[PDB]
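Okay, input15.cif is below, mmCIF, C-alpha atoms:
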```cif
data_protein
#
loop_
_atom_site.label_atom_id
_atom_site.label_comp_id
_atom_site.auth_asym_id
_atom_site.auth_seq_id
_atom_site.Cartn_x
_atom_site.Cartn_y
_atom_site.Cartn_z
CA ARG G 1 0.00 0.00 0.00
CA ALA G 2 3.00 2.29 0.65
CA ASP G 3 4.91 1.23 -2.49
CA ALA G 4 1.69 1.58 -4.53
CA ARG G 5 0.90 5.13 -3.34
CA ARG G 6 4.55 6.19 -3.47
CA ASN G 7 4.34 5.10 -7.12
CA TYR G 8 1.02 6.85 -7.75
CA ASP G 9 2.44 10.16 -6.49
CA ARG G 10 5.68 9.81 -8.41
CA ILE G 11 3.78 9.11 -11.62
CA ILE G 12 1.41 12.08 -11.16
CA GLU G 13 4.30 14.38 -10.19
CA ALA G 14 6.31 13.25 -13.25
CA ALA G 15 3.31 13.43 -15.58
CA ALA G 16 2.40 16.93 -14.47
CA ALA G 17 5.99 18.20 -14.89
CA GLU G 18 6.33 16.57 -18.33
CA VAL G 19 3.08 18.13 -19.55
CA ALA G 20 4.07 21.49 -18.03
CA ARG G 21 7.54 21.46 -19.65
CA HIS G 22 6.73 19.77 -23.00
CA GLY G 23 3.05 20.54 -23.75
CA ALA G 24 2.02 19.02 -27.12
CA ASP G 25 5.34 17.16 -27.14
CA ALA G 26 4.70 15.42 -23.78
CA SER G 27 6.15 11.90 -23.76
CA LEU G 28 4.74 8.94 -21.84
CA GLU G 29 8.08 7.10 -22.07
CA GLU G 30 9.78 10.07 -20.41
CA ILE G 31 7.08 10.21 -17.69
CA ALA G 32 7.58 6.51 -16.89
CA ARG G 33 11.37 6.88 -16.98
CA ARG G 34 11.33 9.96 -14.68
CA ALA G 35 8.94 8.38 -12.14
CA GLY G 36 11.10 5.21 -12.17
CA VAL G 37 8.26 2.83 -13.05
CA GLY G 38 7.66 0.21 -15.74
CA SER G 39 4.91 0.23 -18.38
CA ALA G 40 2.94 -2.38 -16.40
CA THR G 41 3.17 -0.46 -13.11
CA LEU G 42 2.12 2.71 -14.97
CA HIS G 43 -0.81 0.91 -16.65
CA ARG G 44 -1.86 -0.61 -13.30
CA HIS G 45 -2.37 2.79 -11.64
CA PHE G 46 -3.68 4.36 -14.86
CA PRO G 47 -5.41 1.91 -17.26
CA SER G 48 -6.35 4.77 -19.61
CA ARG G 49 -4.65 7.89 -20.93
CA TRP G 50 -7.93 9.60 -19.96
CA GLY G 51 -7.37 8.57 -16.31
CA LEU G 52 -3.79 9.84 -16.21
CA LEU G 53 -4.62 13.21 -17.83
CA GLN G 54 -7.59 13.71 -15.54
CA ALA G 55 -5.35 13.03 -12.53
CA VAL G 56 -2.76 15.47 -13.92
CA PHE G 57 -5.57 18.06 -14.26
CA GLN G 58 -6.74 17.48 -10.66
CA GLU G 59 -3.21 17.74 -9.32
CA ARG G 60 -2.42 20.93 -11.26
CA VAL G 61 -5.72 22.51 -10.19
CA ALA G 62 -4.92 21.69 -6.51
CA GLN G 63 -1.53 23.38 -7.05
CA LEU G 64 -3.08 26.40 -8.76
CA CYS G 65 -5.51 26.86 -5.89
CA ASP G 66 -2.60 26.62 -3.38
CA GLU G 67 -0.67 29.05 -5.60
CA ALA G 68 -3.52 31.63 -5.33
CA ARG G 69 -3.22 31.46 -1.52
CA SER G 70 0.62 31.68 -1.66
CA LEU G 71 0.50 34.59 -4.09
CA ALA G 72 -2.08 36.46 -1.96
CA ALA G 73 0.14 35.98 1.16
CA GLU G 74 3.31 37.13 -0.62
CA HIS G 75 2.38 39.97 -3.03
CA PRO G 76 0.09 42.97 -3.29
CA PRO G 77 -3.41 41.96 -4.43
CA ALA G 78 -3.11 43.24 -8.04
CA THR G 79 0.21 41.39 -8.47
CA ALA G 80 -1.24 38.20 -6.99
CA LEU G 81 -4.17 38.37 -9.38
CA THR G 82 -2.14 39.02 -12.56
CA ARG G 83 0.48 36.41 -11.74
CA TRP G 84 -2.22 33.85 -10.97
CA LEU G 85 -4.29 34.54 -14.12
CA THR G 86 -1.05 34.28 -16.16
CA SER G 87 -0.25 30.88 -14.56
CA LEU G 88 -3.78 29.74 -15.34
CA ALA G 89 -3.51 30.72 -19.05
CA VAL G 90 -0.12 28.95 -19.29
CA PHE G 91 -1.59 25.82 -17.62
CA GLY G 92 -4.46 25.82 -20.13
CA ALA G 93 -2.10 26.44 -23.11
CA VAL G 94 0.38 23.60 -22.40
CA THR G 95 -2.20 21.16 -20.91
CA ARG G 96 -4.51 21.33 -24.00
CA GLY G 97 -1.56 20.57 -26.29
CA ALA G 98 -0.62 17.63 -24.09
CA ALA G 99 -4.23 16.41 -23.92
CA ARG G 100 -4.57 16.73 -27.75
CA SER G 101 -1.39 14.80 -28.53
CA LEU G 102 -1.88 12.15 -25.86
CA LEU G 103 -5.53 11.50 -26.82
CA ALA G 104 -9.28 16.81 -22.77
CA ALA G 105 -11.45 19.26 -20.68
CA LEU G 106 -11.57 20.17 -16.94
CA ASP G 107 -14.25 18.47 -14.88
CA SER G 108 -16.89 20.50 -13.02
CA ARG G 109 -15.15 20.35 -9.59
CA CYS G 110 -11.91 21.71 -11.14
CA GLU G 111 -13.75 24.58 -12.84
CA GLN G 112 -15.48 25.33 -9.54
CA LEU G 113 -12.21 25.36 -7.59
CA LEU G 114 -10.48 27.64 -10.13
CA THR G 115 -13.51 29.94 -10.19
CA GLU G 116 -13.42 30.33 -6.36
CA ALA G 117 -9.67 31.02 -6.41
CA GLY G 118 -9.96 33.63 -9.18
CA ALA G 119 -13.03 35.32 -7.60
CA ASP G 120 -11.20 35.57 -4.25
CA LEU G 121 -8.11 37.15 -5.87
CA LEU G 122 -10.14 39.62 -7.94
CA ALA G 123 -12.26 40.73 -4.99
CA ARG G 124 -9.17 41.50 -2.86
CA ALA G 125 -7.63 43.61 -5.66
CA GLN G 126 -10.83 45.50 -6.39
CA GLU G 127 -11.32 46.10 -2.66
CA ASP G 128 -8.01 47.95 -2.33
CA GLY G 129 -8.74 49.88 -5.53
CA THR G 130 -5.75 48.65 -7.53
CA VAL G 131 -7.84 46.72 -10.07
CA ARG G 132 -10.84 48.17 -11.96
CA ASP G 133 -14.12 47.45 -10.16
CA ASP G 134 -16.21 46.94 -13.33
CA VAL G 135 -14.95 43.50 -14.36
CA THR G 136 -16.15 40.15 -13.14
CA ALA G 137 -14.33 36.97 -12.15
CA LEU G 138 -16.13 35.12 -14.97
CA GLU G 139 -14.81 37.66 -17.49
CA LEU G 140 -11.18 37.31 -16.38
CA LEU G 141 -11.41 33.51 -16.21
CA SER G 142 -12.94 33.54 -19.72
CA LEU G 143 -10.02 35.65 -20.93
CA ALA G 144 -7.43 33.24 -19.42
CA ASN G 145 -9.34 30.31 -20.91
CA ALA G 146 -9.60 32.02 -24.30
CA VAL G 147 -5.84 32.78 -24.29
CA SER G 148 -5.19 29.07 -23.52
CA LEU G 149 -7.29 28.12 -26.60
CA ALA G 150 -5.41 30.68 -28.76
CA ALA G 151 -1.95 29.56 -27.54
CA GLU G 152 -2.31 25.77 -27.53
CA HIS G 153 -1.47 25.14 -31.23
CA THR G 154 1.54 27.50 -31.23
CA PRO G 155 5.16 26.28 -31.14
CA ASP G 156 5.89 28.13 -27.92
CA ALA G 157 2.58 27.71 -26.09
CA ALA G 158 3.72 28.83 -22.59
CA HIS G 159 5.45 31.97 -23.98
CA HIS G 160 2.52 32.73 -26.31
CA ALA G 161 0.03 32.57 -23.41
CA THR G 162 2.35 34.74 -21.26
CA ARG G 163 2.55 37.37 -24.05
CA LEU G 164 -1.20 37.54 -24.57
CA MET G 165 -1.95 37.70 -20.83
CA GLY G 166 0.63 40.50 -20.52
CA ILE G 167 -1.46 42.48 -23.01
CA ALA G 168 -4.90 41.41 -21.77
CA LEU G 169 -4.07 42.31 -18.17
CA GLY G 170 -1.80 45.33 -18.77
CA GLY G 171 -3.82 46.78 -21.64
CA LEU G 172 -2.53 48.62 -24.73
CA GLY G 173 -1.98 52.00 -23.11
CA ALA G 174 1.54 53.37 -23.53
CA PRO G 175 3.25 53.31 -20.10
CA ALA Z 1 -20.97 39.67 -67.12
CA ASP Z 2 -24.45 39.83 -65.57
CA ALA Z 3 -23.60 36.58 -63.70
CA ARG Z 4 -20.62 38.24 -62.01
CA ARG Z 5 -22.89 41.02 -60.70
CA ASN Z 6 -25.13 38.26 -59.27
CA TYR Z 7 -22.15 36.53 -57.69
CA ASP Z 8 -21.15 39.86 -56.07
CA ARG Z 9 -24.69 40.59 -54.85
CA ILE Z 10 -25.03 37.05 -53.42
CA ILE Z 11 -21.74 37.30 -51.51
CA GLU Z 12 -22.43 40.78 -50.07
CA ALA Z 13 -25.90 39.57 -48.99
CA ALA Z 14 -24.53 36.31 -47.57
CA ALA Z 15 -21.85 38.20 -45.61
CA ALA Z 16 -24.44 40.56 -44.06
CA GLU Z 17 -26.84 37.69 -43.19
CA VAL Z 18 -24.25 35.50 -41.43
CA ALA Z 19 -22.93 38.59 -39.57
CA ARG Z 20 -26.39 39.18 -38.11
CA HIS Z 21 -27.57 35.57 -37.83
CA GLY Z 22 -24.48 33.32 -37.69
CA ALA Z 23 -25.56 29.66 -37.68
CA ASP Z 24 -29.21 30.66 -38.27
CA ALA Z 25 -28.39 32.50 -41.53
CA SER Z 26 -31.17 32.12 -44.12
CA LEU Z 27 -30.44 31.01 -47.71
CA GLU Z 28 -33.90 32.26 -48.78
CA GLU Z 29 -33.17 35.67 -47.23
CA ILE Z 30 -29.73 35.75 -48.91
CA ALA Z 31 -31.23 34.94 -52.34
CA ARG Z 32 -34.02 37.50 -51.82
CA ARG Z 33 -31.66 40.28 -50.74
CA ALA Z 34 -29.29 39.37 -53.63
CA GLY Z 35 -32.25 39.62 -56.03
CA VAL Z 36 -31.65 36.14 -57.44
CA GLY Z 37 -33.70 32.96 -57.56
CA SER Z 38 -33.14 29.84 -55.45
CA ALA Z 39 -31.68 28.04 -58.52
CA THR Z 40 -29.22 30.83 -59.41
CA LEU Z 41 -27.80 30.91 -55.84
CA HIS Z 42 -27.40 27.13 -55.84
CA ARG Z 43 -25.58 27.15 -59.19
CA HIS Z 44 -22.98 29.68 -58.01
CA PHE Z 45 -22.71 27.93 -54.62
CA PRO Z 46 -23.33 24.10 -54.59
CA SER Z 47 -22.72 23.89 -50.82
CA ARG Z 48 -23.30 25.99 -47.72
CA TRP Z 49 -19.63 25.33 -46.94
CA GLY Z 50 -18.49 26.89 -50.25
CA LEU Z 51 -20.64 29.96 -49.62
CA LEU Z 52 -19.18 30.39 -46.10
CA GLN Z 53 -15.63 30.36 -47.52
CA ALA Z 54 -16.50 33.10 -50.01
CA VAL Z 55 -18.12 34.97 -47.08
CA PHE Z 56 -14.76 34.82 -45.20
CA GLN Z 57 -13.01 36.32 -48.28
CA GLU Z 58 -15.56 39.09 -48.55
CA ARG Z 59 -15.45 39.98 -44.85
CA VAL Z 60 -11.63 40.05 -44.92
CA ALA Z 61 -11.78 42.56 -47.81
CA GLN Z 62 -14.34 44.59 -45.85
CA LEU Z 63 -12.16 44.49 -42.72
CA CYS Z 64 -9.14 45.72 -44.68
CA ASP Z 65 -11.27 48.61 -46.06
CA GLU Z 66 -12.52 49.24 -42.51
CA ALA Z 67 -8.92 49.71 -41.27
CA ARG Z 68 -8.73 52.68 -43.70
CA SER Z 69 -12.05 54.36 -42.85
CA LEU Z 70 -11.28 53.95 -39.13
CA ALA Z 71 -7.78 55.50 -39.51
CA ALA Z 72 -9.39 58.45 -41.35
CA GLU Z 73 -12.20 58.97 -38.84
CA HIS Z 74 -10.63 58.30 -35.43
CA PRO Z 75 -7.35 58.93 -33.57
CA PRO Z 76 -4.86 56.02 -34.09
CA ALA Z 77 -5.45 54.28 -30.70
CA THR Z 78 -9.25 54.40 -31.16
CA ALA Z 79 -8.99 53.21 -34.76
CA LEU Z 80 -6.88 50.26 -33.53
CA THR Z 81 -9.21 49.23 -30.71
CA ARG Z 82 -12.36 49.54 -32.85
CA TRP Z 83 -10.77 47.48 -35.61
CA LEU Z 84 -9.62 44.75 -33.20
CA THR Z 85 -13.15 44.70 -31.74
CA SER Z 86 -14.57 44.21 -35.29
CA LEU Z 87 -12.14 41.38 -35.89
CA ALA Z 88 -13.13 39.66 -32.61
CA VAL Z 89 -16.83 39.96 -33.47
CA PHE Z 90 -16.16 38.56 -36.98
CA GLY Z 91 -14.42 35.55 -35.42
CA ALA Z 92 -17.11 34.98 -32.79
CA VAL Z 93 -20.16 35.24 -35.10
CA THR Z 94 -19.07 34.55 -38.67
CA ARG Z 95 -16.09 32.18 -38.20
CA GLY Z 96 -18.02 30.61 -35.27
CA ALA Z 97 -20.95 29.86 -37.60
CA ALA Z 98 -18.65 27.56 -39.64
CA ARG Z 99 -19.12 25.02 -36.80
CA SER Z 100 -22.79 24.63 -37.89
CA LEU Z 101 -21.60 23.23 -41.25
CA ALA Z 102 -13.43 26.33 -39.86
CA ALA Z 103 -10.64 28.89 -40.31
CA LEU Z 104 -9.44 31.67 -42.62
CA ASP Z 105 -7.11 30.75 -45.44
CA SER Z 106 -3.46 31.73 -45.16
CA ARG Z 107 -3.71 34.65 -47.61
CA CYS Z 108 -6.65 36.12 -45.71
CA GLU Z 109 -4.94 35.67 -42.31
CA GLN Z 110 -1.92 37.48 -43.70
CA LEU Z 111 -4.01 40.34 -45.10
CA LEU Z 112 -5.56 40.94 -41.70
CA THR Z 113 -2.12 40.80 -40.09
CA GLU Z 114 -0.86 43.52 -42.49
CA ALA Z 115 -3.86 45.80 -41.81
CA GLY Z 116 -3.45 45.29 -38.02
CA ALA Z 117 0.30 46.06 -38.27
CA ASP Z 118 -0.47 49.37 -40.03
CA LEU Z 119 -2.98 50.53 -37.42
CA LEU Z 120 -0.66 49.39 -34.64
CA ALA Z 121 2.36 51.19 -36.10
CA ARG Z 122 0.39 54.50 -36.28
CA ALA Z 123 -0.83 54.23 -32.67
CA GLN Z 124 2.71 53.44 -31.51
CA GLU Z 125 4.11 56.35 -33.55
CA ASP Z 126 1.77 58.86 -31.84
CA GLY Z 127 2.74 57.41 -28.40
CA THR Z 128 -0.70 56.25 -27.25
CA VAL Z 129 -0.15 52.48 -27.52
CA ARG Z 130 2.74 50.53 -25.93
CA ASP Z 131 5.77 50.07 -28.15
CA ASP Z 132 6.41 46.43 -27.13
CA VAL Z 133 3.39 44.71 -28.74
CA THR Z 134 3.15 43.20 -32.25
CA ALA Z 135 0.40 42.74 -34.83
CA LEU Z 136 0.71 38.92 -34.44
CA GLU Z 137 0.04 39.22 -30.72
CA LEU Z 138 -3.01 41.48 -31.19
CA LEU Z 139 -4.52 39.30 -33.94
CA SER Z 140 -3.96 36.28 -31.68
CA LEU Z 141 -5.69 38.14 -28.84
CA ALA Z 142 -8.63 38.84 -31.24
CA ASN Z 143 -8.65 35.06 -31.99
CA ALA Z 144 -8.78 34.29 -28.25
CA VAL Z 145 -11.76 36.56 -27.75
CA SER Z 146 -13.48 34.97 -30.78
CA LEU Z 147 -12.99 31.52 -29.15
CA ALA Z 148 -14.35 32.85 -25.83
CA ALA Z 149 -17.52 34.28 -27.39
CA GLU Z 150 -18.42 31.88 -30.23
CA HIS Z 151 -21.52 29.61 -29.82
CA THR Z 152 -22.69 31.65 -26.81
CA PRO Z 153 -25.86 33.70 -27.05
CA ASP Z 154 -25.16 37.42 -27.37
CA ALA Z 155 -21.82 36.45 -29.01
CA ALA Z 156 -21.23 39.86 -30.68
CA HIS Z 157 -21.87 41.59 -27.31
CA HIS Z 158 -19.64 39.16 -25.42
CA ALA Z 159 -16.82 39.47 -27.98
CA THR Z 160 -17.08 43.29 -27.83
CA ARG Z 161 -17.05 43.34 -24.03
CA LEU Z 162 -14.11 40.90 -23.66
CA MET Z 163 -12.00 42.64 -26.34
CA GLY Z 164 -12.76 45.95 -24.60
CA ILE Z 165 -11.53 44.62 -21.25
CA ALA Z 166 -8.43 43.02 -22.80
CA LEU Z 167 -7.36 46.20 -24.65
CA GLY Z 168 -8.06 48.45 -21.61
CA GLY Z 169 -6.33 46.18 -19.07
CA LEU Z 170 -7.03 45.84 -15.33
CA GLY Z 171 -5.66 49.15 -14.12
CA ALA Z 172 -7.33 51.86 -12.03
#
```

Show me, as structure tokens, the structure contained in the file I just sent.
Amino acid sequence: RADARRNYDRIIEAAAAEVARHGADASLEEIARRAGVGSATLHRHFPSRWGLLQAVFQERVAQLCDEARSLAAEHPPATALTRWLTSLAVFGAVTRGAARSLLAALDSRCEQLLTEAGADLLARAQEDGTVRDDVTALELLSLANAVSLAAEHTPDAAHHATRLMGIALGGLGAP
Amino acid sequence: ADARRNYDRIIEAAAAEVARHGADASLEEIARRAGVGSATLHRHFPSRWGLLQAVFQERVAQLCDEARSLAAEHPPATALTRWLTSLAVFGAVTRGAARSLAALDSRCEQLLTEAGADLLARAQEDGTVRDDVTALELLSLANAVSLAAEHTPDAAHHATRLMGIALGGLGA
């Protein structure tokens, strides 16, 4: 039971890092190699590619929600919000490419958790008057999601999403 | 050629209909507005898919023309934002309708890029828009908004609103 779970966690950790770092070019051989498991041990914990990607999604969403709390503790509210929304767009951009090559969408609990995290960050930044009070959490989440969709088929998906979020969140106005 | 006039009238009518109705666009309304019969329309355009592609061409031409009228009628930053809003709406409604029956061709994508680059360069030159952004980035941002708004009710409104937020940014 210890060896099994130690192996579960190592696989999910390796899978999430591989997706994050390689996107559409994510490699299952590399995941198995980096977790130090064999094909049969991998297939035992995750009989389907669906199952493994869903578990990667759940793990990354848990991390993103933790990241929102870390960012809020460590940076002014507007900075926490922009950094977090940028992370979210990058996650969507590289994770879609991975999901497309390896097979794809977030489940309802994951969308709910991200929505809560984003709403909490936006509210804190609007409350201290550093972020415009006329936008909604749904709107900003839709923008991050849309940027993910726009970036996922690009050769440099993480950089592309970063670029677009830089514009969407900073605006066009000359500094 | 009288037939070429008909072709032109069909395409202009088809473009306007999809723009206002997307997936619910009416062939009968297109033919009527074009002043041609059901059979004529069908002869020029065998498939709905083939008509949609010609619609994309026509709207791209119109968008390039729009870049000029905007630049003449509004300060460079305003011309840029309005044009990018138009592009987002086009993607949300018209390109989005292609799902009911896909994407712009490469020549058309490049034409839009060139028109965007021109508006961007003028707004950078007059110091009202940040010097570090590119036409590719802004067209990609328009694409993102189009993906966010397509297949939703009130798509044109939602595209307009999201593009507006994105170009304004979070500040103040």

Evaluate the PyMOL selection byres ((chain G) within 10 of (chain Z)) here and jot the selected residues down as an mmCIF file with C-alpha atoms, in the coordinates of the input.
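The resulting file, result.cif, is reproduced below:
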```
data_model
loop_
_atom_site.group_PDB
_atom_site.id
_atom_site.type_symbol
_atom_site.label_atom_id
_atom_site.label_comp_id
_atom_site.auth_asym_id
_atom_site.auth_seq_id
_atom_site.Cartn_x
_atom_site.Cartn_y
_atom_site.Cartn_z
ATOM 1 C CA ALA G 78 -3.110 43.240 -8.040
ATOM 2 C CA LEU G 81 -4.170 38.370 -9.380
ATOM 3 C CA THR G 82 -2.140 39.020 -12.560
ATOM 4 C CA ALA G 125 -7.630 43.610 -5.660
ATOM 5 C CA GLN G 126 -10.830 45.500 -6.390
ATOM 6 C CA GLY G 129 -8.740 49.880 -5.530
ATOM 7 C CA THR G 130 -5.750 48.650 -7.530
ATOM 8 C CA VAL G 131 -7.840 46.720 -10.070
ATOM 9 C CA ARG G 132 -10.840 48.170 -11.960
ATOM 10 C CA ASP G 133 -14.120 47.450 -10.160
ATOM 11 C CA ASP G 134 -16.210 46.940 -13.330
ATOM 12 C CA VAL G 135 -14.950 43.500 -14.360
ATOM 13 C CA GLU G 139 -14.810 37.660 -17.490
ATOM 14 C CA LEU G 140 -11.180 37.310 -16.380
ATOM 15 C CA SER G 142 -12.940 33.540 -19.720
ATOM 16 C CA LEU G 143 -10.020 35.650 -20.930
ATOM 17 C CA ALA G 144 -7.430 33.240 -19.420
ATOM 18 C CA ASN G 145 -9.340 30.310 -20.910
ATOM 19 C CA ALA G 146 -9.600 32.020 -24.300
ATOM 20 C CA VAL G 147 -5.840 32.780 -24.290
ATOM 21 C CA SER G 148 -5.190 29.070 -23.520
ATOM 22 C CA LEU G 149 -7.290 28.120 -26.600
ATOM 23 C CA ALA G 150 -5.410 30.680 -28.760
ATOM 24 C CA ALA G 151 -1.950 29.560 -27.540
ATOM 25 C CA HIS G 160 2.520 32.730 -26.310
ATOM 26 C CA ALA G 161 0.030 32.570 -23.410
ATOM 27 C CA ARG G 163 2.550 37.370 -24.050
ATOM 28 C CA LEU G 164 -1.200 37.540 -24.570
ATOM 29 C CA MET G 165 -1.950 37.700 -20.830
ATOM 30 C CA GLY G 166 0.630 40.500 -20.520
ATOM 31 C CA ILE G 167 -1.460 42.480 -23.010
ATOM 32 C CA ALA G 168 -4.900 41.410 -21.770
ATOM 33 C CA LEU G 169 -4.070 42.310 -18.170
ATOM 34 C CA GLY G 170 -1.800 45.330 -18.770
ATOM 35 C CA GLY G 171 -3.820 46.780 -21.640
ATOM 36 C CA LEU G 172 -2.530 48.620 -24.730
ATOM 37 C CA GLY G 173 -1.980 52.000 -23.110
ATOM 38 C CA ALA G 174 1.540 53.370 -23.530
ATOM 39 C CA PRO G 175 3.250 53.310 -20.100
#
```

Subject >> Hits of the PyMOL selection byres ((chain Z and resi 6) around 10) in this structure, as a list in words >> reply: residues 1, 2, 3, 4, 5, 7, 8, 9, 10, 11, 12, 31, 34, 35, 36, 40, 41 and 44 of chain Z

Those residues with C-alpha atoms, as a PDB file, in the coordinates of the input please?
```pdb
ATOM      1  CA  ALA Z   1     -20.970  39.670 -67.120  1.00  0.00           C
ATOM      2  CA  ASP Z   2     -24.450  39.830 -65.570  1.00  0.00           C
ATOM      3  CA  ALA Z   3     -23.600  36.580 -63.700  1.00  0.00           C
ATOM      4  CA  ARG Z   4     -20.620  38.240 -62.010  1.00  0.00           C
ATOM      5  CA  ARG Z   5     -22.890  41.020 -60.700  1.00  0.00           C
ATOM      6  CA  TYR Z   7     -22.150  36.530 -57.690  1.00  0.00           C
ATOM      7  CA  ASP Z   8     -21.150  39.860 -56.070  1.00  0.00           C
ATOM      8  CA  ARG Z   9     -24.690  40.590 -54.850  1.00  0.00           C
ATOM      9  CA  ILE Z  10     -25.030  37.050 -53.420  1.00  0.00           C
ATOM     10  CA  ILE Z  11     -21.740  37.300 -51.510  1.00  0.00           C
ATOM     11  CA  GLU Z  12     -22.430  40.780 -50.070  1.00  0.00           C
ATOM     12  CA  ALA Z  31     -31.230  34.940 -52.340  1.00  0.00           C
ATOM     13  CA  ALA Z  34     -29.290  39.370 -53.630  1.00  0.00           C
ATOM     14  CA  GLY Z  35     -32.250  39.620 -56.030  1.00  0.00           C
ATOM     15  CA  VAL Z  36     -31.650  36.140 -57.440  1.00  0.00           C
ATOM     16  CA  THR Z  40     -29.220  30.830 -59.410  1.00  0.00           C
ATOM     17  CA  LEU Z  41     -27.800  30.910 -55.840  1.00  0.00           C
ATOM     18  CA  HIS Z  44     -22.980  29.680 -58.010  1.00  0.00           C
TER      19      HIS Z  44
END
```

**OP:** Apply the PyMOL selection byres ((chain Z and resi 62) around 12) to the displayed file and report the matching residues as an MDAnalysis selection string.
**Re:** chainID Z and resid 11:12 15:16 55:61 63:70 83 86:87 90 108 111:112 115

Original post:
By how many Å are CA of residue 102 in chain G and CA of residue 10 in chain G apart?
Top reply: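 Straight-line distance from CA of residue 102 in chain G to CA of residue 10 in chain G works out to 19.2 Å.
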
Subject >> Gap from CA of residue 79 in chain G to CA of residue 122 in chain G - Å, one decimal >> reply: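 About the pair CA of residue 79 in chain G and CA of residue 122 in chain G: they are 10.5 Å apart.
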
Subject >> Point-to-point distance from CA of residue 72 in chain G to CA of residue 85 in chain G, Å rounded to tenths >> reply: 12.5 Å

Original post:
Between Z:139, Z:156, Z:120, Z:23, which has the minimum distance to residue 76 in chain Z (counting all atoms listed in the file)?
Top reply: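 Ranking Z:139, Z:156, Z:120, Z:23 by distance to residue 76 in chain Z, first place goes to Z:120.
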
**OP:** Would you list the residues near (-3.1, 21.0, -8.0), meaning any protein, DNA or RNA residue with an atom at most 12 Å from that point in file coordinates, counting all atoms listed in the file, as a list in words?
**Re:**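 The requested residues, written out, are residues 12, 13, 16, 17, 54, 55, 56, 57, 58, 59, 60, 61, 62, 63, 64, 65, 66, 67, 68, 88, 91, 110, 113 and 114 of chain G.
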
Subject >> Contacts of residue 3 in chain G within 12 Å, all atoms listed in the file, excl. fewer than 6 positions in-chain, as a PyMOL selection string >> reply: chain G and resi 9-10+37+41+45

Place N, CA, C and O atoms on range 128-139 of chain Z and deliver the coordinates as a PDB file, in the coordinates of the input.
```pdb
ATOM      1  N   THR Z 128       0.480  56.545 -28.061  1.00  0.00           N
ATOM      2  CA  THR Z 128      -0.700  56.250 -27.250  1.00  0.00           C
ATOM      3  C   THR Z 128      -0.838  54.756 -26.939  1.00  0.00           C
ATOM      4  O   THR Z 128      -1.575  54.365 -26.027  1.00  0.00           O
ATOM      5  N   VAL Z 129      -0.125  53.935 -27.693  1.00  0.00           N
ATOM      6  CA  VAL Z 129      -0.150  52.480 -27.520  1.00  0.00           C
ATOM      7  C   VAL Z 129       1.284  52.007 -27.270  1.00  0.00           C
ATOM      8  O   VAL Z 129       2.224  52.496 -27.907  1.00  0.00           O
ATOM      9  N   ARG Z 130       1.431  51.055 -26.347  1.00  0.00           N
ATOM     10  CA  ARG Z 130       2.740  50.530 -25.930  1.00  0.00           C
ATOM     11  C   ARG Z 130       3.596  50.059 -27.101  1.00  0.00           C
ATOM     12  O   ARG Z 130       3.105  49.480 -28.068  1.00  0.00           O
ATOM     13  N   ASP Z 131       4.889  50.336 -27.021  1.00  0.00           N
ATOM     14  CA  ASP Z 131       5.770  50.070 -28.150  1.00  0.00           C
ATOM     15  C   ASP Z 131       6.200  48.603 -28.229  1.00  0.00           C
ATOM     16  O   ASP Z 131       6.797  48.195 -29.231  1.00  0.00           O
ATOM     17  N   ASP Z 132       5.881  47.808 -27.206  1.00  0.00           N
ATOM     18  CA  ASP Z 132       6.410  46.430 -27.130  1.00  0.00           C
ATOM     19  C   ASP Z 132       5.498  45.337 -27.691  1.00  0.00           C
ATOM     20  O   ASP Z 132       5.868  44.166 -27.671  1.00  0.00           O
ATOM     21  N   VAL Z 133       4.324  45.701 -28.192  1.00  0.00           N
ATOM     22  CA  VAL Z 133       3.390  44.710 -28.740  1.00  0.00           C
ATOM     23  C   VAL Z 133       3.513  44.610 -30.254  1.00  0.00           C
ATOM     24  O   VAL Z 133       4.041  45.524 -30.886  1.00  0.00           O
ATOM     25  N   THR Z 134       3.022  43.504 -30.822  1.00  0.00           N
ATOM     26  CA  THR Z 134       3.150  43.200 -32.250  1.00  0.00           C
ATOM     27  C   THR Z 134       1.773  42.927 -32.839  1.00  0.00           C
ATOM     28  O   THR Z 134       0.852  42.563 -32.124  1.00  0.00           O
ATOM     29  N   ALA Z 135       1.644  43.095 -34.149  1.00  0.00           N
ATOM     30  CA  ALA Z 135       0.400  42.740 -34.830  1.00  0.00           C
ATOM     31  C   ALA Z 135       0.030  41.258 -34.621  1.00  0.00           C
ATOM     32  O   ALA Z 135      -1.145  40.942 -34.386  1.00  0.00           O
ATOM     33  N   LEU Z 136       1.013  40.351 -34.680  1.00  0.00           N
ATOM     34  CA  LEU Z 136       0.710  38.920 -34.440  1.00  0.00           C
ATOM     35  C   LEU Z 136       0.069  38.686 -33.073  1.00  0.00           C
ATOM     36  O   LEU Z 136      -0.867  37.906 -32.937  1.00  0.00           O
ATOM     37  N   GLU Z 137       0.592  39.353 -32.050  1.00  0.00           N
ATOM     38  CA  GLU Z 137       0.040  39.220 -30.720  1.00  0.00           C
ATOM     39  C   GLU Z 137      -1.419  39.710 -30.671  1.00  0.00           C
ATOM     40  O   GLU Z 137      -2.266  39.063 -30.074  1.00  0.00           O
ATOM     41  N   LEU Z 138      -1.680  40.865 -31.285  1.00  0.00           N
ATOM     42  CA  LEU Z 138      -3.010  41.480 -31.190  1.00  0.00           C
ATOM     43  C   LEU Z 138      -4.039  40.701 -31.995  1.00  0.00           C
ATOM     44  O   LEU Z 138      -5.152  40.516 -31.544  1.00  0.00           O
ATOM     45  N   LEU Z 139      -3.642  40.194 -33.170  1.00  0.00           N
ATOM     46  CA  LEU Z 139      -4.520  39.300 -33.940  1.00  0.00           C
ATOM     47  C   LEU Z 139      -4.802  37.996 -33.195  1.00  0.00           C
ATOM     48  O   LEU Z 139      -5.935  37.514 -33.160  1.00  0.00           O
TER      49      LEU Z 139
END
```
